[PDB]
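Chemist: I would like the atomic coordinates for the input below:
(chains A, B and C, ligands or ions: 12)
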Amino acid sequence: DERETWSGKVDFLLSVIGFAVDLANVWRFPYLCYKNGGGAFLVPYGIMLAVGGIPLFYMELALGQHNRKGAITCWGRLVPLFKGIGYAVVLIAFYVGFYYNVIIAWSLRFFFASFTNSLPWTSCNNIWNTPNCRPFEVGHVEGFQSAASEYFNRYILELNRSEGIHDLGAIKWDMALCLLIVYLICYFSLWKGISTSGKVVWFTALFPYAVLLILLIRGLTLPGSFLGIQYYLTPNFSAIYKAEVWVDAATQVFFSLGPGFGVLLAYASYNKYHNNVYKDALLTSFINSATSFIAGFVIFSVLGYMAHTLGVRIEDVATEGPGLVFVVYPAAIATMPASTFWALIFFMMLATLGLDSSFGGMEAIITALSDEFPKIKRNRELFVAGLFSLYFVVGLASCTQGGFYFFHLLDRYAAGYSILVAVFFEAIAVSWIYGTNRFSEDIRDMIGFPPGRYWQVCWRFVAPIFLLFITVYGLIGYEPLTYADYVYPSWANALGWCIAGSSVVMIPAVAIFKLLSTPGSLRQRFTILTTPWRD
Amino acid sequence: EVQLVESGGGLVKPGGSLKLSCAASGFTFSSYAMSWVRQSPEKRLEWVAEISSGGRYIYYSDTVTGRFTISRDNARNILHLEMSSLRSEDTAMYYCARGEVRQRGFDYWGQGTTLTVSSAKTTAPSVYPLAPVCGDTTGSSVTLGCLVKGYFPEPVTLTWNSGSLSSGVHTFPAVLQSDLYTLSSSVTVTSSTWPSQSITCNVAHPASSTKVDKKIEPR
Amino acid sequence: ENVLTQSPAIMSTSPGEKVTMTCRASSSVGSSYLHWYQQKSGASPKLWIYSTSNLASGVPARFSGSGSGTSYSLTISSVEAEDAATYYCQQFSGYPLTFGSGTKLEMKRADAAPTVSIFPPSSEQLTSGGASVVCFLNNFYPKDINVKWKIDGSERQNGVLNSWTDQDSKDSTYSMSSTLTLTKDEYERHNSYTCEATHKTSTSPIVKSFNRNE
Ligand SMILES: CC(C)CCC[C@@H](C)[C@H]1CC[C@H]2[C@@H]3CC=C4C[C@@H](OC(=O)CCC(=O)O)CC[C@]4(C)[C@H]3CC[C@]12C
Ligand SMILES: CC(C)CCC[C@@H](C)[C@H]1CC[C@H]2[C@@H]3CC=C4C[C@@H](O)CC[C@]4(C)[C@H]3CC[C@]12C
Ligand SMILES: OC[C@H]1O[C@H](O[C@H]2[C@H](O)[C@@H](O)[C@H](O)O[C@@H]2CO)[C@H](O)[C@@H](O)[C@@H]1O
Ligand SMILES: OC[C@H]1O[C@H](O[C@H]2[C@H](O)[C@@H](O)[C@H](O)O[C@@H]2CO)[C@H](O)[C@@H](O)[C@@H]1O
Ligand SMILES: OC[C@H]1O[C@H](O[C@H]2[C@H](O)[C@@H](O)[C@H](O)O[C@@H]2CO)[C@H](O)[C@@H](O)[C@@H]1O
Ligand SMILES: OC[C@H]1O[C@H](O[C@H]2[C@H](O)[C@@H](O)[C@H](O)O[C@@H]2CO)[C@H](O)[C@@H](O)[C@@H]1O
Ligand SMILES: OC[C@H]1O[C@H](O[C@H]2[C@H](O)[C@@H](O)[C@H](O)O[C@@H]2CO)[C@H](O)[C@@H](O)[C@@H]1O
Ligand SMILES: *[C@@H]1O[C@H](CO)[C@@H](O)[C@H](O)[C@H]1NC(C)=O
Ligand SMILES: NCCc1ccc(Cl)c(Cl)c1
Ligand SMILES: [Cl-]
Ligand code: NA
Ligand code: NA
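Modeler: Residues are numbered from 1 along each chain as shown, chains lettered A, B, ... in the order given. Ligands and ions are numbered 1, 2, ... in the order given. Take a look:
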């Protein structure tokens, strides 16, 4: 009955804001708008965000605060038949932690390499360079990289020394040190729990916005900056016709708000019962999407600068993922005056963008396991020590020469499209089995008023329909995993499916398990599993 | 039978203008449409323009449109491309091809002529000998070298002993770094041959009118 | 513009194996208007396949092609060393005419350790004020190779020009030329320079070191 709460109201907000706002905001959303025809993409993004994204974001924060327990125990007390959901959601966050923290490590590694006036990714005359090295951005592919590309590929990653995922090669110990530093930072933040964790996010969540503002001014102060904003927000509305633009908006809206990781469930579990979640859900949702929209200008203002002064096609300078932040953007930074300054804050922003996001992922596992196993709660300092040790040791695979191939595998299979089916079951379990009326009755007792029928319609009908169908059309367009000119072996693709499925299969797994464990008639055993804690 | 030879081309400064010619023989020239295809230093093929058999139908790429003018002379069997306001991205090797039947593609291409557009200016290459470290290595084979450094523009002609021995010779392609080309070469031969015989590095850079033949002394 | 993307970009193949390269267009292309070109290194392109199917004159029957719309492919039944080249698909359906990205076909052989040779700066260069150390790595497979430059126990990255060769028409191995450039001053301040071969053929780097003592 006695459970610790955030030492302040802002601790929870910045913790959720920090977790919600990640590299994905800078990476994809700006790029998505470019490919999808600008502000016209806001429509499918906004539509899917409104019906699908927010209501589910609202649902977890509501469920977390009301049931006052971790992700696993929360679904156990809600729908004991579906308690497998709590396991599926948590071990997904367990997988992500493996491949995600390396991004923060790359941020630090570039940050460490960022002390000099002469940036190593500027010209082609170094040793790691090849005769095919070009100044900025030819193509590509194929065969001719850039100074920023070859520096990242042939030195930092040294992926050129690996022939695929089957050969990891030697372990880079400068990355191992960086990865260690990353897990160390994650460790002392979650060391004492949300006590320290609450006031740590005051930096990691807020800091990126400081650098965002600086790079926004510096970005729009450059020649051809307005030209990049054109490729960004230019409103071609014919893009709404395509089927993939809706699944991207959906998958982006879901991955951006981060429901289904059990993080919102954990974070909200430390909230006070009568605290207003609906207000926090709305505010947090906006700040995240707003940060993306803002970041869109920051990227393309610089991208436009390259397509004017640097003499390159905007086609080749527009990219998502680590390629943008670790290659293209630094390439543009290297040319402009006081380059060493922009590089430092940029990479530091990348690290502070991933850290507070990783915090939620870790806390989702810790809080979920702590409520399930009291032996962990008292020993928590020792528990999180071993967990991160597992992450680091296994994460050493990410620090190998072929480490990126390992990264791209989890970036693909580890968590995606499972969150959809995982969140799909969350909505159905709440709206149907547990019921909407009983859930709205809970929110009434908490914030003082029941959710508008608009929210109830999304939970019961819209979300599951806009999930189940979009999650299906993603399976139709499925490509066997390939990176660049490299094509992953058939066995590698299978290993990823096990990872993606190991969670989702927990739904029927614990369902059938607890179903045959309970003494009684089949229909009675069903009723036993559909009843909440005191009900 | 059919033969196509591209002429002209060379170093031009940005904004400058130049025209290239293509000599045609072995077929009736007025009966075939011709086109200009260029290949960048990154080795990607890009179609430039196409002229009809009578020259009454012209097509250009959006890149070179209005800057380049493709002409035709059916009397002397010559194909022309007249450029203007050239830019650094116009640098490539231009090919003359036909081009008559759209369903069968281009069935004949020429040797090609190279066009280089840069603000840089011609400079003669400096050839240096590569002599192995004193004493030390004794083996069945030995490797010499010739370093051609700081020249522009391409190409250069490097041969060993006037092209006597082409076996065991690796001539590395030049690499442009800050408006300067650097080209080296390696030659491996038996220790009984050298230095019991004369081994020289022949380098030719017609652009600067530079002809340099130099032997490799163990000194 | 109608873009043609070819994959794979680079392809290694053992003689006798079959290979297939794909060409996909952004806009639909008539099967009659798409063609393939083979270009040998340092030579002019040649018409290979026209109308997506029919082979040009001189092309062996080992070559074939198919596909329609936005999808096309070239296939070699039994690959030979003479078939190593870069292949370009193209569409004449509409202007402007556009070549594909191209597929580079390289032969694959048994792994060979590089033969490394280091050379000191020429005396005629040292009089010019510059000094450049050259290092050769010859006849090895595969092509990817890495080189440190050490003027001392320490490593020097800056001011280095690497040059890879093309595939040898005989032994199918490769060669690299690494040049470390220094001033006649900076070079004479230190004595022992070290080169290296870091390759798949060995766990240990192949080292070649010379001193100014001799
Ligand atoms: C920042 C930019 C780039 C994107 C922002 C998108 C928003 C303008 C859209 C997406 C989600 C929308 C919201 C989704 C849910 C509701 C339904 C509706 O809520 C109610 O029924 C009343 C609330 C209650 O008291 O229960 C009022 C509009 C609102 C807040 C929408 C207002 C407009 C929103 C915020
Ligand atoms: C877009 C860029 C250029 C400007 C962003 C400015 C930053 C500082 C803004 C944007 C969103 C804002 C936050 C959103 C709302 C809250 C909740 C409040 O209880 C504490 C302050 C806090 C956390 C705000 C602090 C200031 C804030 C972080
Ligand atoms: O390798 C040793 C450390 O420095 C590396 O390279 C840095 C360093 O300053 C120096 O080698 C040279 O100046 O290049 C860069 C930036 O200046 C890398 O940072 C890491 O290997 C090590 O931190
Ligand atoms: O590190 C010394 C300062 O210059 C560095 O870059 C130079 C420097 O001479 C040295 O580190 C090494 O040689 O790399 C380059 C070229 O010499 C960096 O700018 C910073 O570390 C310092 O400002
Ligand atoms: O790949 C980068 C190079 O160093 C790495 O780490 C080791 C390596 O054993 C070697 O460089 C040197 O002896 O120690 C460093 C760490 O101090 C890689 O392991 C090496 O393969 C590379 O040479
Ligand atoms: O099957 C892959 C092989 O290499 C991997 O990486 C290891 C391995 O021990 C070996 O290649 C090399 O000596 O060390 C690297 C890591 O440093 C696998 O782990 C090995 O099982 C295989 O030999
Ligand atoms: O296609 C579903 C599989 O990949 C997805 O990841 C990406 C990827 O770009 C592509 O497969 C498709 O467009 O879906 C998203 C982007 O929309 C899923 O995330 C994976 O879980 C699936 O294995
Ligand atoms: C780096 O050097 C350049 C060229 O001298 C100069 O313009 C720039 O201000 C310097 N940057 C820093 C951070 O010192
Ligand atoms: N991209 C925000 C969602 C997210 C980010 C990081 C992690 Cl580690 C997790 Cl579990 C979830
Ligand atoms: Cl977003
Ligand atoms: Na996000
Ligand atoms: Na974050």
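
Chemist: any idea how far residue B:91 is from the residue of chain B found nearest ligand 9?
Modeler: In chain B, no residue comes nearer to ligand 9 than residue B:42, which is 36.1 Å away by CB to the nearest ligand atom. All C-beta spots, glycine's among them, are computed from the backbone N, C-alpha and C. Distance from residue B:42 to residue B:91, counting by CB to CB, to the nearest Å: 10 Å.

Chemist: that older thread, residue A:134 is in contact with the residue of chain B closest to ligand 9, correct?
Modeler: Yes - counting by CB atoms under 8 Å, residue B:42 touches residue A:134, with 7.3 Å between them.

Chemist: Next, show the common contact partners of these two.
Modeler: Listed as contacting both residue B:42 and residue A:134 by CB atoms under 8 Å, 6 or more residues apart in numbering or on different chains are residue A:144.

Chemist: Specify which residue of residue B:42 and residue B:91 has the higher count of neighbours.
Modeler: Legend: neighbour count by other CB atoms under 10 Å in any protein chain shown for residue B:42 and residue B:91, higher for residue B:91 (18 against 14).

Chemist: Count residues in the vicinity of residue 199, would you?
Modeler: Picked chain A for this. Neighbours of residue A:199 under the rule other CB under 10 Å: 17.

Chemist: meant chain C, my bad for not saying
Modeler: 24.

Chemist: Ramachandran coordinates for it?
Modeler: Note on residue C:199: backbone dihedrals following degrees, to the nearest 10 are phi -140, psi 170.

Chemist: do the same with residue B:45
Modeler: Dihedral angles for residue B:45 - degrees, to the nearest 10 - are phi -80, psi 130.

Chemist: ok, it touching residue B:61?
Modeler: No - Residue B:45 is beyond contact range of residue B:61, at 11.8 Å (criterion: CB under 8 Å).

Chemist: Neighbour count: these two, which is higher?
Modeler: residue B:45 (22 against 19).

Chemist: which residues does that one contact?
Modeler: Counted by CB under 8 Å, 6+ apart, residue B:45 has contacts B:37-39, C:37, C:45, C:88, C:90, C:99, C:102.

Chemist: quick one: contacts for residue 71?
Modeler: If you meant another chain, say so; for now it's chain A. Taking CB under 8 Å, 6+ apart, one finds A:86, A:89-90, A:262, A:265-266, A:364, A:367-368 in contact with residue A:71.

Chemist: ah, I was thinking of chain C
Modeler: Going by CB under 8 Å, 6+ apart, residue C:71 touches C:22-24.

Chemist: And for residue C:165, the neighbour number?
Modeler: 19.

Chemist: I'd like the distance between whatever residue of chain B ends up closest to ligand 5 and ligand 3.
Modeler: Of chain B, the residue with the smallest distance to ligand 5, taken as CB to the nearest ligand atom, is residue B:175 at 23.6 Å. According to CB to the nearest ligand atom, to the nearest Å, residue B:175 stands 21 Å off from ligand 3.

Chemist: now residue C:16
Modeler: 44 Å.

Chemist: I'd say residue A:8 and residue A:201 touch.
Modeler: No - with contact defined as CB under 8 Å, residue A:8 and residue A:201 do not form a contacting pair (11.0 Å).

Chemist: which one of the two has more residues nearby?
Modeler: Between residue A:8 and residue A:201, counted using other CB under 10 Å, the more crowded position is residue A:201 (28 against 12).

Chemist: In contact with the more buried one, which residues?
Modeler: Contacts for residue A:201 (CB under 8 Å, 6+ apart) come out as A:11, A:14-15, A:17-18, A:356, A:359.

Chemist: Which segments of chain C make up each domain?
Modeler: Listed by curated CATH domains, the domain ranges of chain C are C:1-109, C:110-211.

Chemist: Would you convert those domains into a markdown table that also reports distance to ligand 7?
Modeler: Converted to a markdown table, those look like this (distance: least, CB to the nearest ligand atom, whole Å):
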| stretch | distance to ligand 7 |
| --- | --- |
| domain C:1-109 | 17 |
| domain C:110-211 | 28 |
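
Chemist: Indicate which one of these is closest to residue B:57.
Modeler: domain C:1-109 (10.7 Å; CB to CB).

Chemist: That closest one spans what distance, first to last residue?
Modeler: In domain C:1-109, first residue to last residue: 40 Å (CA to CA, to the nearest Å).

Chemist: Same question for stretch C:98-111.
Modeler: Distance between the two ends of stretch C:98-111: 38 Å, counting by CA to CA.

Chemist: buried residues in it?
Modeler: Neighbour-count burial for stretch C:98-111, with 16 or more other CB atoms under 10 Å in any protein chain shown as criterion, is recorded at C:98-107, C:109.

Chemist: Which members of the residues you listed are positioned in strands?
Modeler: Cross-referencing those against strands under DSSP state E gives C:98-99, C:103-107.

Chemist: of all the residues you listed, which comes closest to residue B:66?
Modeler: Using CB to CB, those come closest to residue B:66 at residue C:98, 19.5 Å.

Chemist: The closest one contacts residue B:48, doesn't it?
Modeler: No - Residue C:98 is beyond contact range of residue B:48, at 11.8 Å (criterion: CB under 8 Å).

Chemist: ok, residue B:92 - contacts?
Modeler: Going by CB under 8 Å, 6+ apart, residue B:92 touches B:38-41, B:46, B:114-115.

Chemist: Could you save the contacts of residue A:71 as CSV and add columns showing secondary structure and distance to ligand 5?
Modeler: CSV is the format used below for the contacts of residue A:71 (DSSP: H, G, I helix; E, B strand; the rest coil; distance: CB to the nearest ligand atom, whole Å):
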residue, secondary structure, distance to ligand 5
A:86, helix, 42
A:89, helix, 38
A:90, helix, 35
A:262, coil, 38
A:265, helix, 42
A:266, helix, 38
A:364, helix, 34
A:367, helix, 38
A:368, helix, 38
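
Chemist: how about JSON lines for those, with neighbour count and distance to residue C:168 added?
Modeler: What follows is the contacts of residue A:71, written out as JSON lines (neighbours: other CB atoms under 10 Å in any protein chain shown; distance: CB to CB, whole Å):
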{"residue": "A:86", "neighbour count": "29", "distance to residue C:168": "61"}
{"residue": "A:89", "neighbour count": "32", "distance to residue C:168": "57"}
{"residue": "A:90", "neighbour count": "27", "distance to residue C:168": "56"}
{"residue": "A:262", "neighbour count": "35", "distance to residue C:168": "58"}
{"residue": "A:265", "neighbour count": "32", "distance to residue C:168": "62"}
{"residue": "A:266", "neighbour count": "32", "distance to residue C:168": "61"}
{"residue": "A:364", "neighbour count": "29", "distance to residue C:168": "56"}
{"residue": "A:367", "neighbour count": "31", "distance to residue C:168": "62"}
{"residue": "A:368", "neighbour count": "29", "distance to residue C:168": "60"}
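
Chemist: just those now: which is nearest residue A:75?
Modeler: Among those, residue A:86 lies closest to residue A:75 (CB to CB), at 3.8 Å.

Chemist: count of residues packed around the residue of chain B found nearest ligand 2?
Modeler: Closest contact between chain B and ligand 2, by CB to the nearest ligand atom, is at residue B:89 (36.2 Å). If you count neighbours by other CB under 10 Å, residue B:89 ends up with 11.

Chemist: Hmm, residue A:311 and it touching each other?
Modeler: Yes - using CB under 8 Å, residue B:89 is in contact with residue A:311, at 7.2 Å.

Chemist: interface residues of chain A facing ligand 10?
Modeler: A:29, A:256, A:292 (CB under 5 Å from the ion).

Chemist: All set now, cheers.
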